[PDB]
């Protein structure tokens, strides 16, 4: 027999029951736990399904799936029920914070290390709990917390970094690695190649920070002199997500992409300066000619699509969907290029293809409106949220379709829509804001927190802001959102 067969049966036997109360997963959630948490994790969720759900912890079935779907999930589940009260009463953290900490590989380690080092890290090191929680909310949070305790002094004193910078570096997977590598390489990178600490913090403050630092050190000379890249251009590549892989891939494919396709170095850097840059570059090398065939998408359009995170996914999805969307949906190549030219372009194109019919026929939008919603980062989310919420917003809340589309046509459009639908009645009914004003506020990136800031001030007012009228607060929130209100508060 295949030996993993008994272990697969256990999974299903137990998985079956979990669809019932008090959790009741939906296969998606169940599949997820199995893949990452594995068999012992699916069994642990079952075993502790009652202890977690209701009193005393009262975790939503959502948070339970978040804690369980990682390596050592079972251990995290046992530790949360043991340490969530300790952490929520002895340190003043919220359950949301405890869950965020639990929800990573080795979460048991992170929760225990937080319980053990938070006092020392706030008292003797002057860190907030927020910062402690942030450091702890990544795989190996335990290692990062311990490395922060050990190296905060030398990093601020001998090397001149602020605590904020140290926290920023530590708050990624492999935090301990990035920290140790910054200690050794900060003088080397600053004094030998003339980088500022700030640039060095930016290179270190991503997952694989250690790898990006050492790769900058190694390849900077070769990049700046052989290829004519500026130091500034190298940093941009190393600090934007491609990291080590994008750097190594720039050295390889800069000449190839320039000579053979007439791309400028400026355009190549922009493709590389994203998450999965390596992947975007190699995909462009392969795909540019296929896309710009028979007068197809121009080079410039191909670069534009490529120059976003997951740009590889975007390029491939265009090649697949450019014909079907242009023909069977009546979209100009220009419109398809628009929707694909953002982070998650693949997701948006796919969602346009799926919902463009439904949004026009069932909700009476134009293609141009569906394109506008989709043509932002997270466009898939904005599209799905418009489909769900268009009726309750228009019918129950009074908004026009044009207004609902307006709120949706920005990064975070989904957050902006859910938050409007949530807070419109108290904003209008309880504090006298007009709908048009609420729509104005939420029709910008950062729509959600701007609206939350406003409601927070109208319901537990700060004297710091009381000299301002409702109309002023609105004018301010449209101008600069939560940041503009936070600033004014500090004055």
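Numbering follows the first chain given and starts at 1.
Just going by the entry, 345 to 353 versus 360 to 368 on mean CA temperature factor gives the higher value to 360 to 368. Averaged over their C-alpha atoms, the temperature factors of 53 to 61 and 437 to 445 are higher for 53 to 61. Of the residues listed, 197, 119, 174, 228, the entry assigns the biggest Cα temperature factor to 228.
The PDB entry assigns its highest CA temperature factor, among 178, 110, 305, 325, to 325. In this PDB entry, the Cα temperature factor of residue 36 sits in the middle third of its chain's modelled residues.
Residue-level temperature factors show residue 453 in the middle third of its chain, judged at the C-alpha atom.
Annotation for residue 30: CA B-factor lies in the highest third of the chain's modelled residues. Among all modelled residues in its chain, residue 424 ranks in the middle third by Cα B-factor. Residue 398 sits in the highest third of its chain by CA B factor, as recorded in the PDB entry.
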